[PDB]
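Single-letter residue listing:
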There are 4 protein chains.
Amino acid sequence: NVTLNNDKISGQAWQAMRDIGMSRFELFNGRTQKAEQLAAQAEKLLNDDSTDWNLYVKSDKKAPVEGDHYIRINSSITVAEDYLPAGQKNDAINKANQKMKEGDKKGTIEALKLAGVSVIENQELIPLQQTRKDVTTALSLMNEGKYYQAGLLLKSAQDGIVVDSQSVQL
Amino acid sequence: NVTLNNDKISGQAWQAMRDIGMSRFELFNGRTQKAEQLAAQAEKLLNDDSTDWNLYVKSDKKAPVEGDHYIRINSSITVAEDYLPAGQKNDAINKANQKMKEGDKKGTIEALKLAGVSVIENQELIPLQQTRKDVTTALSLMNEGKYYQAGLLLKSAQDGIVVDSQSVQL
Amino acid sequence: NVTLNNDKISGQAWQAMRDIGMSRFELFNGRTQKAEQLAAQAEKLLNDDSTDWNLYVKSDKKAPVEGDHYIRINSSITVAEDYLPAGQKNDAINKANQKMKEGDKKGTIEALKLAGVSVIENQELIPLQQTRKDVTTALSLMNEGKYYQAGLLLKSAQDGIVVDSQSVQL
Amino acid sequence: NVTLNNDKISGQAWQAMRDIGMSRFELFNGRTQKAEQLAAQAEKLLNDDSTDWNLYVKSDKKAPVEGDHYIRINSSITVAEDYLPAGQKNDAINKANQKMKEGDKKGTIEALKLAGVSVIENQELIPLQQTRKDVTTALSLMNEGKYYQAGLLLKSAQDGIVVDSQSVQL
Ligand SMILES: [Cl-]
Ligand SMILES: [Cl-]
Ligand SMILES: [Cl-]
Ligand SMILES: [Cl-]
Ligand SMILES: [Cl-]
Ligand SMILES: [Cl-]
Ligand SMILES: [Cl-]
Ligand SMILES: [Cl-]
Ligand SMILES: [Cl-]
Ligand SMILES: [Cl-]
Ligand SMILES: [Cl-]
Ligand SMILES: [Cl-]
Ligand SMILES: [Cl-]
Ligand SMILES: [Cl-]
Ligand SMILES: [Cl-]
Ligand SMILES: [Cl-]
Ligand code: NA
Ligand code: NA
Ligand code: NA
Ligand code: NA
């Protein structure tokens with residue numbers, strides 16, 4: 001999948017983060033072997049050598065750990081609707097719908113502005129190498145029987161998700 | 001998957017909510033046919049006649065719409081750690097790790113209490129019929145070309161996700 | 001302030017949680033004496049002997065720590081809007097506005113239902129004694145110079161905030 | 001208050017956003033005159049002519065509406081803790097505590113890195129003029145008796161809050 005500006009989003013890393021959360025839950029749920037399976041899947045997803053990880057990097061954002069980079073894992077939309085009289089907004093929304101039908105992203109943004117609607121794109125990001133290290137280290141702790149400590153690292157990986165909300169500039 | 005109390009969680013409905021969010025994004029991304037495909041997948045997941053939806057119902061929670069019910073779609077954990085001197089907490093955490101290894105949920109909760117750690121389970125819920133109606137109606141609006149209005153219903157479905165955070169009573 | 005069902009909400013505890021967050025930030029901001037001042041204010045707010053803390057208790061919710069109770073610190077609204085043709089919804093919303101003008105909460109909920117709008121009340125809660133202990137212990141750690149450890153307890157207090165989202169049953 | 005880089009944060013705008021949320025709740029709570037009072041307070045806070053609003057602007061972030069700017073209303077911290085053996089981390093945390101005592105922000109960040117801890121600063125931002133317009137227009141709608149529509153604009157103002165999470169570069 002791609003952002004509004006056509007930059008690639010990592011579905012593998014999104015699924016890895018989902019697996020990380022499920023893994024942590026299974027530690028507390030008394031299913032530590034299931035937790036290891038889920039963390040192992042996350043490790044394979046984040047370290048896939050056939051994936052070109054450069055494609056997902058948000059270059060304009062400094063990661064906390066030296067040499068690391070944030071990658072895009074999801075995009076969503078926030079709209080902000082100004083008050084308009086019912087009639088004027090219907091006609092403006094109808095034109096916005098035509099641009100979406102046409103695949104015209106810029107025309108959609110501009111028609112929505114005439115409807116009093118601003119658009120913000122929320123890009124969910126993770127630091128790639130820091131997340132990889134959390135997963136691999138958590139698995140090592142699980143191998144050692146240090147399950148609570150593994151859970152702390154899985155939670156830290158989740159807490160490293162950030163959301164860059166930006167106005168749409170196509 | 002199951003909660004700490006062994007109640008079933010709907011992976012299909014979780015994926016349906018993921019599909020609903022992606023569908024809404026694709027409307028703004030100028031890919032309305034992709035949005036319809038994603039909403040159609042969500043509709044099939046939420047309306048699977050081979051699924052016994054009773055298994056996922058949280059019976060002790062009144063849904064906003066008459067006749068409806070909330071279903072469980074995810075569980076996560078929140079811990080709250082009291083301050084303990086480094087030595088006393090290590091020994092208590094080590095015993096908690098043994099109970100997790102043993103699959104002993106109650107023993108895990110009790111050992112964590114000795115470590116100064118309380119456990120809260122966060123159950124993500126959706127109203128099943130209200131969400132079904134949002135998806136089916138959004139698809140109908142997409143068929144009619146009313147894409148912005150479909151996006152509003154998809155967002156409403158997402159805003160209907162609630163999180164019941166409860167202390168663990170096994 | 002009060003919930004939709006006229007149960008009291010603690011403005012003091014809300015401000016205490018705000019102070020707890022600011023206190024934690026000031027630790028990292030190199031202003032540990034400011035952090036102590038903010039945590040001391042939170043302690044005074046949560047332990048005010050002139051406040052009748054029973055007024056804010058959500059009795060139908062078991063707190064994680066034995067003998068403790070959750071108290072209400074905020075209420076907000078989530079609406080869920082069904083799709084209605086523009087004309088029918090305007091007339092229904094106009095009637096909802098009259099009930100709000102009249103102070104008629106039940107009539108507002110019922111008029112909104114005719115407009116295709118369901119209402120959910122989100123009650124933010126904290127465990128009172130567990131939060132008190134976090135604050136007092138964090139101050140003690142600050143007195144000892146253990147600032148990072150104090151920050152962990154302040155964060156734990158914040159992570160103990162839960163949101164009970166319930167359909168409106170007046 | 002100030003960020004880690006000593007940029008000013010608007011306490012007035014933070015309180016305005018708090019007032020906006022309370023105002024919206026009071027509409028549904030059948031207290032429309034209280035909602036107007038709270039929105040009027042938010043309007044006065046955001047439009048204070050004695051405040052130098054330039055002090056709070058995050059210049060490196062484009063606001064959705066032409067001519068507008070994002071302003072800082074809060075800062076918080078996220079830590080990410082690597083796994084370290086208990087002994088090595090205690091000694092590293094003890095040195096971090098000394099730098100916080102000394103007010104040495106850069107030394108704190110560097111000592112925390114030796115403890116395996118990365119620091120992210122989360123800056124809560126609002127678009128100033130777009131938020132002002134939401135509040136003033138919502139009050140006008142309240143004067144007209146269009147309470148539900150006012151609530152939509154108050155919610156839109158809240159949905160315009162974004163969080164810029166950045167690694168600490170002092
Ligand atoms: Cl297992
Ligand atoms: Cl890379
Ligand atoms: Cl580093
Ligand atoms: Cl290890
Ligand atoms: Cl398409
Ligand atoms: Cl059912
Ligand atoms: Cl109903
Ligand atoms: Cl329809
Ligand atoms: Cl200070
Ligand atoms: Cl009490
Ligand atoms: Cl207890
Ligand atoms: Cl102590
Ligand atoms: Cl009033
Ligand atoms: Cl300005
Ligand atoms: Cl504009
Ligand atoms: Cl107006
Ligand atoms: Na979206
Ligand atoms: Na979890
Ligand atoms: Na509200
Ligand atoms: Na903070």
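The numbering scheme counts residues from 1 along every chain following its written sequence, independent of the entry's numbering, with residues that lack coordinates not shown. Written order determines the labels here, with chains lettered from A and ligands numbered from 1. The side-chain quantities take in all heavy atoms of the structure and omit both hydrogens and water. Residues with missing side-chain atoms are left out of burial classes, side-chain pairs and their counts.

Deposited coordinates in this entry are attributed by the record to X-ray crystallography, at a stated resolution of 1.400 Å.

**Q** I'm lost on the sheet that holds strand β4 (residues 162–167) of chain C in this one. Help?
**A** Through backbone hydrogen bonds, the strands of a sheet pair up, either in parallel or in antiparallel fashion. Two strands form a pair only when DSSP identifies at least two bridges running between them. Helix numbers and strand numbers start at the N terminus; a helix is a DSSP run of H or I with at least 4 residues, a strand a run of E with at least 2. A sheet is described by the order of its strands in space; here four strands give the open sequence β1-β2-β3-β4 (chain C), paired in antiparallel fashion. On the outer flanks of this sheet lie β1 (57–62) and β4 of chain C, each paired with one strand and no other. Within the sheet, the average angular offset between the axes of one strand and its neighbour, ignoring direction, is 45°. One ladder, built from 11 bridges, connects strand β2 (residues 69–81) of chain C with strand β3 (residues 117–127) of chain C; its direction is antiparallel. Directly across from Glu81 of chain C, in β3 of chain C, lies its bridge partner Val117 of chain C. Against the sheet, helix α1 (residues 11–28) of chain D touches β2 and β3 of chain C, its axis set at about 70° to β2 of chain C. As a rule, the C-alpha atoms of each element are fitted with a line to give its axis, helices using only the stretch in contact, and angles between N-to-C directions run from 0 to 180 degrees. Throughout, a residue-residue contact means that at least one pair of heavy atoms, one from each residue, lies within 4.5 Å.

**Q** How should I be thinking about the relation of the copies chain A and chain B in this particular structure?
**A** Each of the two chain copies can be generated from the other by rotation about an axis followed by a shift along it. Superposing the copies is done by minimising, in the least-squares sense, the deviation of their C-alpha atoms. Superposing chain A onto chain B takes a rotation of 180° plus a shift of 0.0 Å along the axis, which leaves an RMSD of 0.0 Å. Such a combination of turn and shift is consistent with a two-fold rotation axis.

**Q** For this particular structure, what's the right way to read the domain arrangement of chain A?
**A** Often, the extent of an interface is quoted as the loss of accessible area upon association of its parts. All names here are of chain A. Examined at the domain level, chain A breaks down into domain 1 (1–72 + 127–160) and domain 2 (73–126 + 161–170). Each of domain 1 and domain 2 has a C-alpha centre, and the two are 31 Å apart. Contact with domain 1, which involves 24 residues of that partner, is made by 17 residues of domain 2. Within the residue set of the side of domain 1 that touches domain 2, elements represented by two or more residues are α1 (11–28), β1 (57–62), β2 (69–81), α5 (128–143) and α6 (147–159). Ranked by residue count, the leading element in the side of domain 1 that touches domain 2 is β2, at four residues. By the convention adopted, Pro, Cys, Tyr, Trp, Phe, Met, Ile, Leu, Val and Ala count as nonpolar, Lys, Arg, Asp and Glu as charged, and the other residues, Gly among them, as polar. Split by residue class, the side of domain 1 that touches domain 2 holds 11 nonpolar, eight polar and five charged. Where each domain starts and ends follows an automatic or database-derived domain assignment.

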